[PDB]
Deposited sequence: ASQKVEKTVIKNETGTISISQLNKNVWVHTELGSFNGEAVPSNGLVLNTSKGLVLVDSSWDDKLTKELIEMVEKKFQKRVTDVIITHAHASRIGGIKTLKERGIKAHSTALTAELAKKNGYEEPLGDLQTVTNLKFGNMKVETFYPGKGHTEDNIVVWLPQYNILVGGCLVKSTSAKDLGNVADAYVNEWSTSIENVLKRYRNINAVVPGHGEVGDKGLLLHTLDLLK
C-alpha cells in the first residue's frame, strides 16, 4: 500500500504491484486516476493529467523516483483529465498513443493531436510489459478505451468505469447512456478474470466496479 505524494498533496502514486502504480492528481478538488508502468525500456503512463502544469510535475516525480524516462503515454479519451498534458508530452518527445477517433476529437477541441495509432484492439509491448488497448464501444464518451495488463489481469477502466463511491454517472454531456451498458458488457465478455479495476476517479476495486456502473445506467 505504498503511497508517495508531492508537497501540495495534489499528485500521488500508489503501488498496485512491483511494476504498476496508480497516479492520481487533483484539478481545481477533483481527482483523476491513470497508471504508471515501470518497464525495462522506461516508464509508460496510462493517461496524462488535467493540464500541462500537473503533467510536468507528474513526469518529473516518476522519472526521479524510478530513475528512467517516461517514453510513452496512452490517452484513453479526448477530455482534459486525460489529454490536458498533450503539449508537454509532445514537446518532450514522449509518444502519445490514442485511437484515430480520440486524435480527431482532440483536434476538434483544439488540443494538439496524439498519434491516432491504436486500433479497436492493439497489443503493445514495452520492454517486458504487455499492454492491450480495447475500444469497447461508446460510453462516457464516444471514443473511450480501456487498457488491459494481461500479465497482471489489471484493467484500467478510465471514465467508462465508476468507483464504488460514485452515486451518479458524472458529466454526461458527451456520453451515450444507451450504448454505455453494452460497452461495459463487451469489457466483461473480453476479460473474464479481473484482479483489479482502476476507475477514472476514485478507489481501485474489482469486477464489482463494472457491475456498479451497469447499475448506475439503469
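Gaps in the coordinates relative to the deposited sequence fall at 1-6, 35-38.
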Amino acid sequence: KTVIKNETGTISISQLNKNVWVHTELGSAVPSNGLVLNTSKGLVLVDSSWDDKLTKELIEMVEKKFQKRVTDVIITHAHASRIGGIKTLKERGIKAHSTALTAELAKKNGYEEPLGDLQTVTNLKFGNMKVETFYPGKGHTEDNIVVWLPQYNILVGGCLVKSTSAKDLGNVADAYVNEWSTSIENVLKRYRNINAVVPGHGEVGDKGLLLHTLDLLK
From here on, numbers count along this sequence of modelled residues.
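For the segment pair 4-12 and 207-215, the entry gives 4-12 the higher mean B-factor, averaged over Cα atoms. Ranked against the other modelled residues of its chain, the C-alpha B-factor of residue 194 as given in the entry falls in the highest third. In this PDB entry, the Cα temperature factor of residue 167 sits in the top third of its chain's modelled residues, the highest group. Looking at the C-alpha B-factors along this chain, the one for residue 68 belongs to the middle third. Sort the chain's modelled residues by C-alpha temperature factor and residue 159 lands in the highest third, per the entry. When the modelled residues of the chain are ordered by their C-alpha B factor, residue 34 lands in the lowest third.
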